[PDB]
Structure formats: structure tokens, C-alpha cells
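**Student:** One structure is given below, represented as C-alpha cells, and several questions about it will come after.
Just so it is clear, none of the values below were taken in a lab; they were calculated from the coordinates. Cβ atoms come from the backbone with ideal geometry, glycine included; neighbour counts cover every protein chain shown.
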There are 2 protein chains.
Amino acid sequence: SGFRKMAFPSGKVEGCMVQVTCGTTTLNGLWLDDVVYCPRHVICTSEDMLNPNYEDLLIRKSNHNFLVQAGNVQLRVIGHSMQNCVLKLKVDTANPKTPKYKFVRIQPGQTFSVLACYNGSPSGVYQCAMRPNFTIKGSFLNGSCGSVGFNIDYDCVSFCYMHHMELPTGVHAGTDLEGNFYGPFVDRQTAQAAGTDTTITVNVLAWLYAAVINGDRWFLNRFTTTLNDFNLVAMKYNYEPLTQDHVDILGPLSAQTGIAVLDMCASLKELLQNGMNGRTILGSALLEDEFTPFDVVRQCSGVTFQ
Amino acid sequence: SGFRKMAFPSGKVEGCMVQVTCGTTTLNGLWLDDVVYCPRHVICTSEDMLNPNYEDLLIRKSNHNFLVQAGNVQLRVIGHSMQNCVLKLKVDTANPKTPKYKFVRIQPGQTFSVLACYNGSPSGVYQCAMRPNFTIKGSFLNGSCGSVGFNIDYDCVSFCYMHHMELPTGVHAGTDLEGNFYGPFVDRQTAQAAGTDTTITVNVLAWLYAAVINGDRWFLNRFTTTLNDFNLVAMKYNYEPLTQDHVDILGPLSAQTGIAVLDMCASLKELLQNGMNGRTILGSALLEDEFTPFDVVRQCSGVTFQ
Ligand SMILES: *[C@@H](*)C(=O)N(c1ccccc1)c1cncc(Cl)c1
Ligand SMILES: *[C@@H](*)C(=O)N(c1ccccc1)c1cncc(Cl)c1
């Protein structure tokens, strides 16, 4: 029992983190086989990151302008190319710690683990969700760009995020590992802002099921609701719509607890309309929306990775 | 910016986890140099864990009664001994992945990372605090016993916790790595219960400083308080006393923010007396007490580990 914001073991990713330096700019890179991936804004100085022409900045660079450090061991760069917003640095040594991996792009609503890094050295690991507005509520300081987000499935690391920037509200934006930004953000200095967010409804429902599995039942009730009537209430409280696929995905958790999905929707309705009245759910006084149905099944059932 | 429940990178500990099997009992062990550490209740069956005489149970065992698996590679046990509530299994191979380590015992109020494991295979990583009542609010299923808690300081892993059992309220108890339980718990079947807990005051204050550093200031006020007058209020709300050493420890965070410690106490007072009035602090609607002053400095300043 218990329920925690739980990340994947980070060791497989720790063995890929390196430090990339170009001029006075130092950030983090990801070393898989004989390529180091990193943000292309590694080639920018302070005045460069205003309206940068990255193609122009890159043709002015040489292989020897890039220093890659894997621990205390220097990696010789033998090739470089730009792909969207990431740089690909060909090095003369393949990483012997390369795990089985994929480059995947995730959906808003999905979760992943983040291994925060500084100067190529891992600092901490935590769980994040992709917000509906394509930002993430991360924890990142200066120098963290290049840190990656990932999921692990058995032995295989699915890299889904590379960190680039902080937005003015303190939230974070970055790219998938092909260099394509999540959401309407660019790797330059503009007035870009997050734009409005919503609560991830299916995840809140998953977490209420997590609570029932763990013995919190005070918020249950005898009422039911229709999907349409629930969706009317969700829209009023800035929750995103619930679909029949969301209902289907919640099926196993429904069947394990004996609580129909639309019955749990009725509970969520009351919670939105009445608040929590001085009580808590899984140690929280807010409706938590950063656990997916998969996350709940994994933690309340117990799947490992090798 | 941002503030997350952040664990240490787990890779150094992943390389020490093994599976230990005795009869039909399978759990997790920690392999450092040529010793595997695990709970001594590995030698108990179902009827054994009622009023077990562990000395009697152990003398009946042989080296070959213990199967240790490190991945898909079997480890030959060449010696065994009991030390308090842990078993020490001497194996014929030293773990080549042994990090620099220490066995430390932590204080209630301190935090650590937990690498949850099943069948010797890591499942997830998260942050925990030692509660004042010496339990931990973990996330553990059957088979997790033997999982360890730890902190990392540069390159050195300080192991502080080995998981043993779940108590009836869903919280968890275990030992330090010398086999000595945290709190008044025993590795047998009794009606043992957690006993009353308190909120870790110095940690709440640290977290309010974390919030100010990150831009939440709504809870600040012009009032101050004396240490004695604050401690009168804390006792009424089941917070533990704040000492002059707590005030000293909060010094750097006070100086970084320009908010005197006793001024932040005045804010906490008002928060305890008035609630949070529909607002949140660092994304939480409760006063959070599982970050130490060290945790806040590490995350809001950015220290790594190698
Ligand atoms: C990612 C990175 O290294 N950035 C810096 C920081 C300082 C000098 C050059 C580059 C960075 C950080 N945040 C946003 C952007 Cl566009 C670049
Ligand atoms: C730690 C462990 O392996 N336990 C079991 C579980 C099933 C059979 C034997 C031993 C265990 C779990 N929780 C409490 C205690 Cl005293 C033992």
C-alpha cells in the first residue's frame, strides 16, 4: 500500500549523460552509440539568442569547436549536423553503456521521468506530466538544458523529452528527441508564454481509483451520472472532456474496485462542486491529475523493469 | 525554478540489487563487496512468522539453502550470519559495481530516496521522510522487503534504510543497514501499530522558504513572533517544537530571502490558524513537511553528484 510520485530507476539514463561545451556555453548532452544529442542553442552566446539564424551560426563552427566530456574522459567530435532544434554530434567512440532505446513523442496527459543534470552530472530524478498546454511543471535551474525525460518498458528506454527553456510563469518547454518542440515554443528570445491549461480528467479519475484501492472511500456515493452530464460539469471547472476511450481505459481499474466509471464521475462531480471539506485523498488536499491509469496499475500492482 | 519531490539518481544502487530466495520465500538483497544483506525474515515460512525464534531457524539452515541471483547470474553463498534483524550472506564474488558507501542511521525529520524492488529488479524511485514516529509513508507491495533507502553525497551512497513490513495503517517500518529497527517494531506477527505522529516544523519552514524563492509570497506578513510564542501555537496544532538549532539551520535560507526566521514563524502561525483560504503553495493545498533545509538548498541552488 501507499501511493507516491514514483519515477523510473534512472541508472540506464545516467550512463548516457555527457557535458557539451561550445565557447562559454556548457550544457548537457545524451550519448547513444556514437552520437551526442543536445540543444542547438549550445552554439549561441548571449547576444546570439535574440534573433538567431542557427544555420548561419552553425556553418561558422568546426568539429573542434565542440568539447564533449563523458565523466573525466574527453570525446573527440568527428561530425556535426543540425536536426530541427537539436544538434547531433558524431563522436569517435560509441557509448558502451547504450541501453536499448527508442525516440518517442508523447501526448499531453502522459507522464515521464526527468533526470535533471548539470555539467553532464545527474542531480535528481522526478516524475512530470505533459500538460495539455504542452508545458511541463519541472524543477530546473540554469545549466539544466539538455536534461532528458523518459519512460522505461522492461529493458528499453523511450526518450520523449529534452529540456530547453523556462517560460515566465516558471514552467518548462522542450523538444522531443528529434528536435521538434512540444507546443508553440521556439528556441530564441521572445515574449512567448504558456497559454491556458486544463486539468487532465482521466488522470484525476485514475487517482481516485488509486485511492479506493488504498482505502480512501469517503468521497464515494450512491449516485451515478451520464457521460454527457459529467462533461457539462467538467467544462465548467476547466477539466478536459472525458471520452468513451477514457472510460474504456479506466475499465480494469473499475473492475478491480467494483466502482463503475460513471459512478466515479459522479464522485468527481460532487468533489468539484463541494470541495473536499477539510479532508484529504492519498495525502493531498487537491485533486491530483499527474498519474495516468497505467501509472496507477503499475504502482498498485507492482511491475518492474530489467 | 519549480519545486518537486526529487530523489537521488538511483543507478549506483540499482547495481547492488539482487534476489534472495530461501525455500518458497523470495525477497530483495543488497550486494556490496562479497556480502549480500537482506531481512532475516527470508528464513521464515508462513507459520514461522508468528513467534519466530530466528536463532533456531537459522542453525537449521545451510549455505546451499540460500539462492542469490544477480540478474540472470547465480551467486554461490559461502557463509551466512545473522546481525540483529538482517542476514549477511557471504558470496564467492565481490560486486564489481560496488559504489563508495556508508551505513548511516538517520533521525526522524530527515529524508532519503527509496529504490522499490521486486525479485531483485528495481521498479521505481521516490523520496520519503523518516516520520517522528519512526515510520515511513512509502509505496510498497508484497515482495518489496529488502528494498533500501539512501542518500548520495558526491560519489558516496549512504544507505540508511532496509524495508521490512507494512503496518495496519498502510505505513512502513524497517531497519538501518546494521539490522536495527527504526522505532518500536519487531520482525514478527504482533498487533504493533504506528503510534501518534507530529508534523516536522523545521521542514515546513524550509518549504515556505522554497516557495518564497520560487515566487509564492501571498502568505507573508509584517508580523513577527517570539520563539516561545510560536512554540505555544505549534504544540496546539501537533507540530513539533522549533529549537534554536532549527533557527540556526534555517539561517542561509533566511539570508537568501531576506525574511527573518521568526517572521516566517509568524506566517506559519497565521497559516495554521486561518488555513490557506482556497490558495496553494508550490502546487499544494497542505503545509508540506517532507523537505529538509538541505533539500531546499540543493534544489533551489543546484548541487549534483558524481
Ligand atoms: C540551454 C542553454 O544552454 N541556454 C543558455 C544559457 C546561457 C548561455 C547560452 C545558452 C538557454 C537557456 N534557456 C533558454 C535558451 Cl533559448 C537558451
Ligand atoms: C519481507 C518478507 O519477505 N516477508 C514474507 C512474505 C511472505 C512469506 C514470508 C515472508 C514479510 C513481509 N512482511 C512482514 C514480515 Cl514479518 C515478513
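**Student:** Would you calculate the convex hull of the Cα atoms in the protein assembly as shown and tell me its volume per residue in Å³?
**Tutor:** Considering the Cα atoms of the protein assembly as shown, their hull volume per residue is 163 Å³.
**Student:** Let me ask another. Within the set of other residues whose C-beta is less than 15 Å from the C-beta of B:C265, count the net charge using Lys and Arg as +1 and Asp and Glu as -1. Before the final figure, lay out the partial values.
**Tutor:** On the way: positive: B:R222, B:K236, B:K269; negative: B:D229, B:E240, B:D245, B:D248, B:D263, B:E270, B:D289.
Summing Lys and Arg as +1 and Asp and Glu as -1 gives -4.
**Student:** Evaluate peptide A:117-124: per residue, the Cβ atoms of other protein chains within 10 Å of its Cβ; return the mean as an integer.
**Tutor:** 6
**Student:** Can you name the residue in chain A whose Cβ lies closest to the A-to-B rotation axis, and give that gap in whole Å?
**Tutor:** Chain A residue with minimal Cβ-axis distance: A:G11, 1.
**Student:** If you average the sequence gap of Cα pairs under 8 Å that are 6 or more apart and divide by the length of region B:132-284, what percent do you get for the contact order? Can you show the working numbers first?
**Tutor:** Numbers: 177 pairs, mean separation 29.2, N = 153.
Relative contact order of region B:132-284: 19 percent.
**Student:** Here's another thing I want to ask about it. What does the charge add up to near B:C156, with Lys and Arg as +1, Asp and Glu as -1, over the other residues with Cβ less than 11 Å from its Cβ?
**Tutor:** Charge balance in the 11 Å sphere: +1.
**Student:** Note the distances from A:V186 to each other copy's matching label point, with points 7 Å along the Cα-to-beta-carbon direction, in nm, sorted shortest first.
**Tutor:** Distances between equivalent label points, in nm: 7.1.
**Student:** Mind checking which of A:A70, A:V86, A:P39 is farthest towards the positive end of region A:15-99's charge dipole, using Cβ charges of +1 (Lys, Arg) and -1 (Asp, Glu) about the Cα centre?
**Tutor:** Projecting each Cα onto the dipole axis, the largest value belongs to A:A70.
**Student:** GNM, chain B, Cα, under 10 Å: largest mean-square fluctuation among B:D155, B:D263, B:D245?
**Tutor:** Answer for the Gaussian network model of chain B: B:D245.
**Student:** Where in region B:213-249 does the amide nitrogen come within less than 12 Å of the point 7 Å from the Cα of B:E270, taken along Cα to Cβ?
**Tutor:** B:217-225
**Student:** What is the set of long-range amide H partners of A:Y118 at a cut-off below 5 Å, with H atoms built 1.01 Å from backbone N?
**Tutor:** Close amide H contacts, sequence-distant or interchain: A:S123.
**Student:** Sort A:115-123, A:293-301 by the packing proxy (mean of other Cβ within 10 Å over each peptide's residues), most packed first.
**Tutor:** Final packing ranking: A:115-123, A:293-301.
**Student:** OK, next. So if I take the alpha carbon set of region B:1-104, get Rg, then get Rh from the Kirkwood formula, what is the Rg over Rh ratio? Could you put the intermediate results ahead of the total?
**Tutor:** Values: Rg = 15.6 Å, Rh = 14.9 Å.
So for region B:1-104, dividing Rg by the Kirkwood Rh gives 1.05.
**Student:** Whole-Å semi-axes of region B:68-190's equivalent ellipsoid, largest first, each the root of 5 times a Cα gyration tensor eigenvalue? It would help to have the intermediate numbers written out before the result.
**Tutor:** Details: eigenvalues 111, 59, 43 Å².
That gives 24, 17, 15 Å for the three semi-axes.
**Student:** Based on Cα coordinates alone, diagonalise the gyration tensor for region B:168-306, multiply each eigenvalue by 5, take square roots, and list the semi-axes in whole Å, largest first.
**Tutor:** After diagonalising the Cα gyration tensor, the semi-axes are 30, 20, 15 Å.
**Student:** Another one. With θ taken as phi - 60° and the coefficients 6.51, -1.76 and 1.60, list the Karplus ³J(HN,Hα) couplings across region B:230-242 in order, rounded to whole Hz; mark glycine and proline as x.
**Tutor:** Ordered by residue, 3J(HN,Hα) equals 4, 5, 5, 6, 4, 4, 5, 9, 6, 9, 7, x, 9 Hz.
**Student:** In debye to the nearest 20, how big a dipole does chain B give about its Cα centre with +1 on each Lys and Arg Cβ and -1 on each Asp and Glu Cβ?
**Tutor:** Here the size comes out at about 400 debye.
**Student:** Another one. Could you derive backbone 3J(HN,Hα) for region A:205-219 from the dihedral phi with the Karplus parameters 6.51, -1.76 and 1.60 (θ = phi - 60°), listing whole Hz in sequence and x where the residue is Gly or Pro?
**Tutor:** Residue by residue, region A:205-219 yields 5, 4, 6, 4, 5, 3, 5, 4, 3, 9, x, 7, 10, 5, 8 Hz.
**Student:** Now a separate question. If you fit an axis through the alpha-carbon atoms of helix B:261-274 and take the longest principal axis of the Cα set of chain B, what angle between them do you get, 0 to 90°, nearest 10?
**Tutor:** Relative to chain B, helix B:261-274 is tipped by roughly 90 degrees.
**Student:** Note the distances from B:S301 to each other copy's matching label point, with points 7 Å along the Cα-to-beta-carbon direction, in nm, sorted shortest first.
**Tutor:** Copy-to-copy label distances at B:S301, shortest first: 4.4 nm.
**Student:** Tally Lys/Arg at +1 and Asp/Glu at -1 over every other residue whose Cβ is under 12 Å from the Cβ of A:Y54; what's the total?
**Tutor:** Neighbourhood net charge equals 0.
**Student:** Taking a cut-off of 12 Å between Cα atoms, list the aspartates and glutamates near A:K102, but don't count ones fewer than 8 places away on the same chain.
**Tutor:** A:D153, A:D155, A:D176, A:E178
**Student:** For chain B, set up a GNM with springs between Cα atoms under 10 Å and report which of B:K269, B:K137, B:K61 has the largest fluctuation.
**Tutor:** Most flexible of the set in this elastic network: B:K61.
**Student:** Under a Cβ-only charge scheme (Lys and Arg +1, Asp and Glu -1), can you give me the dipole magnitude of the protein assembly as shown about the Cα centre, in debye to the nearest 20?
**Tutor:** 400 debye
**Student:** How high is the FRET efficiency between B:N51 and A:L167 when r is their beta carbon distance and R₀ equals 60 Å, given to the nearest 0.05? Numbers along the way, then the final one.
**Tutor:** Details: r = 60 Å, r/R0 = 1.01.
Here the calculated transfer efficiency is 0.50.
**Student:** Which whole number gives the average count of other chain Cβ atoms within 10 Å of the Cβ atoms across peptide B:294-306?
**Tutor:** 4
**Student:** How far is B:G283 from the same spot in each other copy, in nm, shortest first, if each label point sits 7 Å from Cα toward Cβ?
**Tutor:** For B:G283, the inter-copy label distances come out at 1.5 nm.
**Student:** Divide by every residue of the protein assembly as shown the summed helix terms, -39500 (n - 2.57) for each DSSP H run of at least 4, and state the resulting mean residue ellipticity at 222 nm, rounded to the nearest 500 deg cm²/dmol.
**Tutor:** Computed mean residue ellipticity for the protein assembly as shown: -6500 deg cm²/dmol.
**Student:** Still on this structure, please answer the following. Mind listing the phi-derived Karplus ³J(HN,Hα) values for region B:40-48, rounded to whole Hz, using 6.51, -1.76 and 1.60 with θ = phi - 60°, and x for any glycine or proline?
**Tutor:** 5, 5, 4, 8, 9, 8, 6, 5, 5
**Student:** With respect to the cross-link table entries A:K100/B:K97; A:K236/B:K269; A:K137/B:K97; B:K12/B:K90, which display a Cα-Cα separation exceeding 23 Å?
**Tutor:** Beyond 23 Å between Cα atoms: A:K236/B:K269; A:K137/B:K97.
**Student:** If each of B:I59 and A:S81 carries a label point 7 Å out from its Cα toward its Cβ, how far apart are those two points in nm?
**Tutor:** Computed distance between label sites B:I59 and A:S81 equals 7.2 nm.
**Student:** Give, rounded to the nearest 20 debye, the magnitude of the charge dipole that region A:158-306 has about its Cα centre when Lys and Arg contribute +1 at Cβ and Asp and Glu contribute -1 at Cβ.
**Tutor:** On the way: 7 positive and 16 negative charges, 96 e Å.
Computed about the Cα centre, the dipole is about 460 debye.
**Student:** Give the long-range amide H neighbours of B:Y239: residues separated by 5 or more places, or on another chain, with amide H under 5 Å away, using H modelled in the peptide plane at 1.01 Å from N.
**Tutor:** B:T199
**Student:** Right, another one. Out of A:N277, A:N95, A:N221, any idea which swings most in a Gaussian network model of chain A, alpha carbons joined below 10 Å?
**Tutor:** Result for chain A, Cα springs under 10 Å: A:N277 fluctuates most.
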